[PDB]
Amino acid sequence: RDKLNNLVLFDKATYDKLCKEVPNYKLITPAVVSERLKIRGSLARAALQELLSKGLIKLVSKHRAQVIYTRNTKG
Amino acid sequence: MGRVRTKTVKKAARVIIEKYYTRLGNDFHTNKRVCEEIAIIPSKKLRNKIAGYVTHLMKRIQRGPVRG
Amino acid sequence: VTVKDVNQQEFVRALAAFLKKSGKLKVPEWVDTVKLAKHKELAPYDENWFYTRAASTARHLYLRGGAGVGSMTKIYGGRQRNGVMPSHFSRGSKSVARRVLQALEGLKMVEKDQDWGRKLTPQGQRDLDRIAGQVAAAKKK
Amino acid sequence: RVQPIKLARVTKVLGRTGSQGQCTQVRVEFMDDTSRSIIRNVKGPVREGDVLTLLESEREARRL
Amino acid sequence: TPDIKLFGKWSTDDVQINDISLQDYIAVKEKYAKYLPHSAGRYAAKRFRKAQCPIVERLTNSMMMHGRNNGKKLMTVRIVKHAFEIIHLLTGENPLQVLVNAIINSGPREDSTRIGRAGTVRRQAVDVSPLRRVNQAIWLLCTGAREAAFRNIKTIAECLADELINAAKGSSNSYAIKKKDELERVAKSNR
Amino acid sequence: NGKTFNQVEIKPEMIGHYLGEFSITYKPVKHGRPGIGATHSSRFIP
Amino acid sequence: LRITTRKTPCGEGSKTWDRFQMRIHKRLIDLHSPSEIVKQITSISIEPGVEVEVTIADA
Amino acid sequence: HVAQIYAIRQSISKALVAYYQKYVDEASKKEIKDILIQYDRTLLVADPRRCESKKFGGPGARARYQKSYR
Amino acid sequence: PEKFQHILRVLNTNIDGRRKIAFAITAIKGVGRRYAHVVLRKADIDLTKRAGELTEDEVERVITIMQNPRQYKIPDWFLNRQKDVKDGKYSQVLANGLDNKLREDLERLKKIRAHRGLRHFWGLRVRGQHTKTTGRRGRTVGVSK
RNA sequence: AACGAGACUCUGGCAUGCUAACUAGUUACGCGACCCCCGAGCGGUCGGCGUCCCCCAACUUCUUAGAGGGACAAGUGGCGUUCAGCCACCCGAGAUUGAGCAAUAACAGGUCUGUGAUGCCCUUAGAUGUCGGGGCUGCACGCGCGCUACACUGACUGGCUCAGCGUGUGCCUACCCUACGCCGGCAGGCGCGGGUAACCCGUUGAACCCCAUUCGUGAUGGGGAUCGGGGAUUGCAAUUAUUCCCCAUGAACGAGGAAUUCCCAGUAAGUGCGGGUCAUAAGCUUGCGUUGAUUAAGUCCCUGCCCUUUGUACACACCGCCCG
């Protein structure tokens, strides 16, 4: 085992980066938010649900055990 | 695979061709029904074998003479 | 439409909500202390589990010939992890299902009919197929 | 080595060798020269007419 | 399209095998394209019979291993539908051409074996069948995603699609293209 | 017990229990010094 | 009827068993006619050890 | 859940055929036969494979209990 | 958001604000996960957020609803202890009192000196279990000369 | 010429051919009843959904079990002495689906604790032949067969949806399987009814699987050992906890050395169920379904076995014999 740092709620830099990482990244899953930031992972699940209501991300597929989200579906 | 014919087949096959040479065709099914009438073979699977060898012999007997 | 046509995952999630609006279902006091079956290790997350289960009760009666408190439990039962011992099947609670079916019968969406089992009232059968088309109206079947 | 990647195809299978039958002798045609042929040892299950990917044809088989 | 199945959305046309060596054991589109990878359960009763069945199905078969996952072929197909989806968003290709490169780049060119002399280990270099290459390459990359997701927050779908990228474009960040070159490095030595 | 009558006084603090919990029927145990075949080594003599 | 039991008394040696089976057969012919001539003709003309059970009515 | 799916497919394939075999001519259904049997997957045929009977000394029909020499 | 507080101390055990409310509370002895999902609902608060997001007003109510469970209508059967024995009531025991209570019942069963206390004092299994192949701490045994 | 092999018996796989069925179904209406316009139309009717109604209806595809047929290396192409056979292919169920039965001769193998089978010896009233209690479960240790685990291909909580081999009171001496109604969180209690069983339980409304929430890489909510208190059931009796249930307690264990077992197609592995023992009780054994891979189409390297040739100081047979 190991020790990895995580945060269960946001602070400034995480939240502000969260809005601007979106157009920079084509793939968006909660797992990828775990590594690029230090985020719990369950935090990232609900964080993406918020963004989809704004239309800053787009759903592309959904399942019980895995969920995919994309940038804006533009090209 | 395997399934090399036993002596019980080869003994009676020769006999049945000698004394009922005329009745034979060269088809499987006709040669079966003849063996069923000119003799009784007490199994069904055994009958399907003895016919097939009787057929296979009758092919060669229409060439040069068999030595058995 | 008949209830056969539609998805059934969708069916219950609109039927559960329907009942709770209309003041229907007089619920037992015990609903926040209830494991809900012998083979569970926890209470449900849900806080309106009673409403959800009454949906699934009335649906099965539409399909099959209707049966009592015993049979409902057998339909719901699942696997029991006995720890170090190998898992086996077992049946869940009874006294919950005995409150469910009597609560439905108070609304006269079911009734004790002949041949050893409650059967769903024509008023009940009307209400099922009424909201069955509401499902198709909603999304689009 | 400094030879580029060669391609050569089976003409015939000869028989199996090794100390558990794990190697297979095979004859192969060079696929650029139709009168050239070398014998090889090939590990995997082969049929006939399939193509291999030799790194050299300096090597040649003679025994198990 | 109306006479030949896609994959449920993914064309099997504009898909090539870019070797002449490894085709006729890689095929996916001659008529072998189907809506789903599944069989009635005929796959082997002859040595040649193995080859015929699709590459995409073979991948699904070798994905379920190690005890708890055996006999759960439907769960396995969930991982594959996400894989192609992730591969297409992530790089943007016909996501089968990714897989075909990933298989061809992971198959060994030469291999070693054992030979008994003097009661001591000696090794001999030998060649490898095209059918061996395909079987090996399917094995190797599936071990990668299985290994990575054994304590990672990442799901196996994500891990597997990453593993086909690094195989399809060699970069030695995969479990496959590493392990390929290990074998060939041995085969040079004892030869 | 099996042979022996172990006597006991009855307390008011023992109520609910049985009689047989206050008289044992085996020697607690001591050891030991492992014996011969007490393992995959014991064997041979001639 | 299945009986699956040891082939070895006082178990020793390689563990073996033995399947025995009995196959019963039932079949019934329904008649509708006067009960006299039935009970007359039925009980006679039976050579083997085969059982028969007459019923007054069932339908 | 699984084997039912193959059963309903196998029946509807043959059902369609039989309707043409009885009320329409040969050349209609001969065509349809060539199409299905091309990607045969047990649409017009049936597996003969069913479970084999277990014998003692194993938990399966082939697999055996462990054997110890010491 | 919600940066207000994190790790805190409550009665007898330190409880983190890192974890969800119910699961956080379980660390305190005499409270399992099953016991906590009840007590939160009697308190009529969310269990869908972290323990660091509770206020002081709220957690003050929690311990009251916990330590008088009969008076907030949690059933008697759902408690740790029903008629302790020689105390005469239904009771619910929590962290540091649990150990004190536990040590008494050990002492009691050596006071009377039943079979129980002897097995306890000897360090052997209380319940019907074989000890022939069960245990080991020990195994170094030799016999040769 | 004979025994074994094979032949044989059982089982699986092929029948819209044959035989016939309210203790098995299907279809067809006759329908009348319920339901929603859900589609054309209006709600009727036509179509769709199941149930009651079903017959003096029609049929036997499905289910059931009987009589029969079918596969033979049969046909074709290679190969073989062109013999015996072998390889590929068409048709198609390919010449191997799995079991039962099994020779000569032998073993100082197991069983006097299956036997009112049995020799001889012993014991036989202070009995080795009956009641009460205790023990076969006692632990510093060594080994074998297994079960459950070490998580995210997961756990947890809801929702959906599929099966088969069987078995059951009227028996042993007191006992079965359970529907339905009522009461209880649960274990369970209580009131009624059916079943001699293709008739009643049971259209066996099973698990894995499937669909949606929650947890987040943390010895964690993974794991459930240890242990405290309380409630039920069986029995004449439950203590060294018979079994079952509720709350609490929360350990080792984070993929395993030297070694080693088993397996080739509905097979391995995962997963549940019935029977056996049973007053109460399977982590065992014996069968059955369900989901269902990877790898091989070989070889004598290891281990071992069959046949020939050869050597031998061996025949209690190399686990032999024999020297200082």
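Using only the alpha carbons, work out the radius of gyration and Dmax of chain H in angstrom.
In order Rg, Dmax, the Cα atoms of chain H give 21.2, 74 Å.
Give me the inter-chain shielding for E:79-89: mean count of other chain Cβ atoms within 10 Å, whole number please. Working shown, then result.
On the way: counts 2, 0, 2, 6, 0, 0, 4, 6, 0, 1, 10.
Rounded to a whole number, the mean comes out at 3.
Which far-off residues, 5 or more places away or on another chain, put their amide H under 5 Å from the one on C:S90, with H placed in the peptide plane?
Answer set, sorted by chain and number: C:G78, C:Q80.
For E:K46, give me every one of the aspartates and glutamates with a C-alpha distance below 19 angstrom, ignoring sequence neighbours fewer than eight places off in its own chain.
D:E48, D:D50, E:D24, E:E57, H:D40, H:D47
If the viscosity is 1.306 mPa s and the temperature 10 °C, what translational diffusion coefficient in µm²/s does Stokes-Einstein give for chain F when Rh comes from Kirkwood over Cα pairs? Please list the in-between numbers first.
Numbers: Rh = 15.1 Å.
Translational D for this selection: 105 µm²/s.
Size of the dipole of chain A about the Cα centre, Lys and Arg at +1 and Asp and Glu at -1 on the beta carbon, nothing else charged, in debye to 20?
Numbers: 16 positive and 6 negative charges, 34 e Å.
With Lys and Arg at +1 and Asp and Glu at -1, about 160 debye.
Report the label-to-label distance for G:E51 and I:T26 in nanometres (one decimal), using points 7 Å from each Cα along the Cα→Cβ vector.
Once both label points are built, they end up 6.1 nm from each other.
Any idea what Rg and Dmax come out to for chain E if you just take the C-alpha atoms, in Å?
Here Rg and the maximum Cα pair distance are 17.6, 64 Å.
Rounded to whole Å and ordered largest first, report the semi-axes of the equivalent ellipsoid of chain B derived from its Cα gyration tensor (root of 5λ).
Values: eigenvalues 60, 46, 25 Å².
The three semi-axes for chain B are 17, 15, 11 Å.
Which whole number gives the average count of other chain Cβ atoms within 10 Å of the Cβ atoms across peptide I:73-82?
Values: counts 2, 2, 2, 0, 1, 1, 0, 0, 0, 0.
Shielding by partners across I:73-82 averages 1.
Which trypsin sites (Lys or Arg not before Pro) does chain B hold that lie in a coil by DSSP with at most 14 other beta carbons within 10 Å?
On the way: sites: B:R3, B:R5, B:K7, B:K10, B:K11, B:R14, B:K19, B:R23, B:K32, B:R33, B:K44, B:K45, B:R47, B:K49, B:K59, B:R60, B:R63, B:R67; in loops: B:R3, B:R5, B:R23, B:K44, B:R63, B:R67.
The qualifying sites are B:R3, B:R5, B:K44, B:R63, B:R67.
How large are Rg and Dmax for the protein assembly as shown when calculated on the C-alpha trace, in angstrom?
Rg and Dmax of the protein assembly as shown, Cα atoms, are 39.3, 116 Å.
Would you be so kind as to identify which of E:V186, E:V15, F:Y26 lies farthest towards the positive end of the dipole of the protein assembly as shown, taking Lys and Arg as +1 and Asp and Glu as -1 on Cβ and the Cα centre as origin?
F:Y26
From the residues I:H120, I:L79, I:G97, which one has its Cα farthest along the dipole of the stretch I:76-140 in the positive direction, the dipole being from +1 and -1 charges on Cβ of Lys/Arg and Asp/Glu about the Cα centre?
Most positive-ward Cα: I:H120.
Using the count of nearby Cβ atoms within 10 Å as a rough guide to exposure, how do I:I63, I:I21, B:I41 rank from fewest to most?
Numbers: I:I63 13, I:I21 24, B:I41 17.
Fewest to most other Cβ atoms nearby, the residues stand as I:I63, B:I41, I:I21.
Treating the beta-carbon of each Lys and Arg as +1 and of each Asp and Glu as -1, no other charges, what is the dipole magnitude of the stretch C:1-140 about its Cα centre, to the nearest 20 debye? It would help to have the intermediate numbers written out before the result.
Working: 27 positive and 13 negative charges, 32 e Å.
That gives a dipole near 160 debye.
Using the per-residue mean of other Cβ atoms lying within 10 Å as a proxy for protection, in what order, highest first, do the peptides H:25-33, F:7-15, A:24-32, C:73-81 fall? Present the calculation step by step, with values, prior to reporting the outcome.
Numbers: H:25-33: 12.0, F:7-15: 9.6, A:24-32: 17.1, C:73-81: 14.0.
Listed from highest to lowest mean packing, they are A:24-32, C:73-81, H:25-33, F:7-15.
Find, among the chymotrypsin sites (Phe, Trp or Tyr not before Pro) in the stretch I:1-83, those assigned to loop by DSSP (not H, G, I, E, B) with at most 14 other beta-carbon atoms within 10 angstrom. Before the final figure, lay out each step's value.
Working: sites: I:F4, I:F23, I:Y35, I:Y72, I:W77, I:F78; in loops: I:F4.
Qualifying residues, ordered by number: I:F4.
Please tell me which of these pairs span more than 23 angstrom C-alpha to C-alpha: B:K7/B:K59; B:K11/B:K59; E:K73/H:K14; A:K17/A:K54? Don't skip to the end; give the middle numbers.
Details: B:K7/B:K59 20 Å; B:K11/B:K59 18 Å; E:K73/H:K14 27 Å; A:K17/A:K54 16 Å.
Result: E:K73/H:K14 exceed 23 Å.
In whole Hz, what ³J(HN,Hα) sequence does the stretch I:34-41 give by Karplus (6.51, -1.76, 1.60; θ = phi - 60°), x for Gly and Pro?
Values, residue by residue: 4, 7, 9, 4, 6, 5, 5, 8 Hz.
What is the distance in Å between the Cα centroid of the stretch B:9-38 and that of the stretch E:1-47?
Each part's Cα centre sits 52 Å from the other's.
Provide, as a two-decimal number, the C-alpha radius of gyration of chain C over 2.2 N^0.38 Å, N being how many residues it has.
Values: Rg = 16.0 Å, N = 141, 2.2 N^0.38 = 14.4 Å.
Expressed relative to 2.2 N^0.38 Å, the Cα Rg reads 1.11.
Enumerate the amide H contacts of A:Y69 below 5 Å, restricted to partners 5 or more residues apart or on another chain; note that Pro and chain-start residues carry no placed amide H.
Result for A:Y69 returns A:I28.
What whole-number volume per residue, in cubic angstrom, does the convex hull of the C-alpha atoms of the stretch I:1-75 give?
Spread over its residues, the Cα hull of the stretch I:1-75 gives 87 Å³ apiece.
Helix-derived [θ] at 222 nm for chain B: sum -39500 (n - 2.57) over DSSP H runs of at least 4, divide by residue count, nearest 500?
On the way: 3 runs with 40 residues, N = 68.
Helices in chain B give a 222 nm mean residue ellipticity of -19000 deg cm²/dmol.
Debye calculation, C-alpha points only, no solvent: report log10 I(q)/I(0) for the stretch I:76-140 at q = 0.17, 0.20, 0.22, 0.25 Å⁻¹, in the same order as the q values.
With no solvent term, the Cα-only Debye profile gives -0.79, -0.94, -1.01, -1.09.
In chain F, which chymotrypsin sites (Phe, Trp or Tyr not before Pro) fall in coil by DSSP and have 16 or fewer other Cβ atoms within 10 Å? Each step should come with its number before you reach the end.
Details: sites: F:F5, F:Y18, F:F22, F:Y26, F:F44; in loops: F:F5, F:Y18, F:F22, F:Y26, F:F44.
Of the chymotrypsin sites (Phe, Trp or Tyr not before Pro), the ones in loops of chain F whose Cβ has at most 16 other Cβ atoms within 10 Å are F:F5, F:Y18, F:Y26, F:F44.
Residues of A:64-70, mean number of Cβ from any other protein chain within 10 Å of their own Cβ, rounded to a whole number? Spell out each step's value before the answer.
Values: counts 1, 7, 9, 2, 6, 1, 2.
Mean inter-chain Cβ contacts per residue within 10 Å come to 4.
Can you sort F:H17, C:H39 by how many other beta carbons sit within 10 Å, fewest first? Write out the running numbers ahead of the final one.
Values: F:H17 15, C:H39 18.
In increasing order of surrounding Cβ atoms, one gets F:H17, C:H39.
What Kirkwood Rh does the stretch D:3-64 have if only Cα atoms enter the pairwise 1/r average? Answer in Å. List each step's numbers first, then the result.
Details: mean 1/r = 0.0842 Å⁻¹.
Answer for the stretch D:3-64: a Kirkwood hydrodynamic radius of 11.9 Å.
Taking chain A as the region of interest, what is the percent of Cα-Cα pairs per 10 angstrom bin, listed from the shortest bin to the one with the maximum distance?
The distribution over chain A is 18, 55, 24, 3, 0, given as percents.
For the charge dipole of the protein assembly as shown, defined by +1 on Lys and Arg C-beta atoms and -1 on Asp and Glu C-beta atoms about the Cα centroid, which residue among C:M72, B:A39, I:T140 has the Cα displaced farthest towards the positive pole?
The listed residue farthest towards the positive side: I:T140.
Could you check the simple spin-label distance between G:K26 and H:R62, using points 7 Å along Cα→Cβ, in nm with one decimal?
Each label point is offset 7 Å from its Cα along the Cβ direction, giving 4.1 nm.
Pull up the cross-link candidates among the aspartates and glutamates for A:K58, meaning alpha carbon to alpha carbon under 19 Å and not fewer than 8 places away within one chain.
Candidates past the 8-residue exclusion: A:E21, A:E50, E:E85, E:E158.
Taking a threshold of 27 Å on the Cα-Cα distance, which of the pairs A:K38/I:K49; D:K6/E:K9; C:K38/I:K101; E:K29/H:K30; E:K29/E:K154 fall above it?
On the way: A:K38/I:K49 19 Å; D:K6/E:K9 38 Å; C:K38/I:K101 30 Å; E:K29/H:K30 25 Å; E:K29/E:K154 32 Å.
Beyond 27 Å: D:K6/E:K9; C:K38/I:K101; E:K29/E:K154.
Under a Cβ-only charge scheme (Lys and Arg +1, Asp and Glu -1), can you give me the dipole magnitude of the stretch D:3-64 about the Cα centre, in debye to the nearest 20?
Working: 12 positive and 8 negative charges, 62 e Å.
It comes to approximately 300 debye.
Report ³J(HN,Hα) in whole Hz for each residue of the stretch I:94-109, in order, from the Karplus equation J = 6.51 cos²θ - 1.76 cosθ + 1.60 where θ = phi - 60°; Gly and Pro get x.
My calculation for the stretch I:94-109 gives 10, 4, 7, x, 4, 4, 5, 4, 5, 5, 5, 5, 4, 5, 4, 7 Hz in order.
May I ask you to sort H:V17, C:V96 by Cβ crowding, counting other Cβ atoms within 10 Å and putting the fewest first? Can you show the working numbers first?
On the way: H:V17 18, C:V96 23.
Ascending number of Cβ neighbours within 10 Å: H:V17, C:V96.
Cβ: placed from backbone, ideal geometry, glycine included. Neighbour counts: every protein chain shown. Where a number appears in this text, it was derived from the coordinates with a stated rule and is not lab data.
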